[PDB]
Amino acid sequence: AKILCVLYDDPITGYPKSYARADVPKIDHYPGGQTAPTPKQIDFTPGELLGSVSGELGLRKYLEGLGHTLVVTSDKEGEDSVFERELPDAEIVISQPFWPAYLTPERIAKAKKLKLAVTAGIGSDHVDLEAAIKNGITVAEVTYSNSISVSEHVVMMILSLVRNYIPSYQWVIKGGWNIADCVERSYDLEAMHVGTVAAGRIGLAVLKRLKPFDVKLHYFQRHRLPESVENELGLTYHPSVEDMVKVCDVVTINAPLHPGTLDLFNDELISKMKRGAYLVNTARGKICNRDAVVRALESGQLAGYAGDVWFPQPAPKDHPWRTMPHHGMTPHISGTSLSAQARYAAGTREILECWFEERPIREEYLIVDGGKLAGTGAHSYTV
C-alpha cells in the first residue's frame, strides 16, 4: 500500500540540527480525561521538528517496515505536482491543516484507491466531507492533540490586541520610545466582557485561562455546558452569536468550519459587535468574511483582529489580511508548536497502526466513517 503524506517545507535555514531547549514536558492526558495518543512506539524524541518534509511525522521506518511505501512532499498545488500525481495510487492521505492538501470533490474523484484521509492535527474542513461520505472514505484527526496549544495562542493574541503589543515592539526596533504613541490604543483586559464562539476543547481551555484575568465570561454554542461547569467559571450562556457579541469587548472564535459557521462573521454580524471590539480567530479563516474583517478594521468598528488561520493556505502574498490595519496575525502555527507536533505525530501513528492491524480507530478521532459523520464528527460538525 502507498501512504501519501503532505507536510510543509523545512526551514529555509535547513532542517535544525539543534533546538533552543533540551526536551519538552511530558503530557500524559488532557483535561476531562482523554488519554494522550497510544501508538505502540514513537520513532522520534518529543521536541523535534516532525511536521516538515524531513521530519516525516516519524513515520517512514514504521511504514516501510510493514512493506508499504511512503511518499512525503510539500508539493500540493497544481495537477502536475507530486501530491495530485501520486493521489490516484494513495490508499491513505495524510496532511496538516497548516499546509493542507485540499481534498476537493474533483481530487477525491481521481483518488480511486483512497480509503483513509488523516488530519495530522485538528480540523478536517480541508477535506470535502460530503464527497468522502459518498465514496466510503474514512476521515480521522487527532482530537485534543493541540487544543491546549491554541488556547494559549488565543490568550496571547487577546492580550496583544488589547494592550497594543506589536506596534509598541516596533517602536523599540525603530529606536524610539514614544510612550503616548504606544498607549493611545493600549487598555487592560481586566473586567472586560470576553465571549467565545464554542466552549469545546479549545473554547473551555480559553475560558479557564481567561478566568483569573477577572473578565466577565460569555459563550455561545448549540448545546450548553453542564450548569455546574458554568457556575464554577462564571459563564453566561447566549442562545445566539448575535446575543453574545453585542455585549462583548472581546470575541474569540473556537468552532470548526462547517455550513453552520461558514461566513458567520460577515458585515451584518460584525456590525452588531461593540464599536472598537477585538476579534480573535484561531479556528478557521473562512468563518470570518475576508473583506468584512478588513473593512471593519479600517472604519474602527473592530479595534483589532488577530488569528493564525487564513484562506486559502498558504495565504497568497497579496492576501489583504497581511496589510489591514490593527492586526496581530501569524501564519497557521499555533497547532504546530514543537510540543503539539509530538502529540499529533503520535496520534497519526496510532491511527495508522489501527488501520493496518485492522483494529478500530478511537471513536473520538473519527469524523466520518461508514458513509456518515461519526464520533467527534457527529458531535461537532454538520454536512
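In case it trips you up, residue 1 is the first one in the sequence shown, and so on.
Annotation for 157-165 versus 102-110: the higher mean temperature factor (C-alpha) is found in 102-110. Comparing 253-261 with 148-156, the higher mean C-alpha B-factor in the PDB entry belongs to 253-261. When the C-alpha B factors of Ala140, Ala303, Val241, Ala198 are read from the deposited coordinates, the top value falls at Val241. Considering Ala346, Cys354, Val53, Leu49 together, the PDB entry gives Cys354 the largest C-alpha B factor. In the deposited entry, the Cα temperature factor of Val6 places it in the lowest third of its chain's modelled residues. Per the deposited record, the Cα B-factor of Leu63 falls in the highest third when ranked against the other modelled residues of its chain.
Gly335: CA B factor lies in the lowest third for its chain, per the PDB record. Placement of the Cα temperature factor of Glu230 within the chain: highest third of the modelled residues, per the deposited record. Looking at the C-alpha B-factors along this chain, the one for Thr119 belongs to the lowest third.
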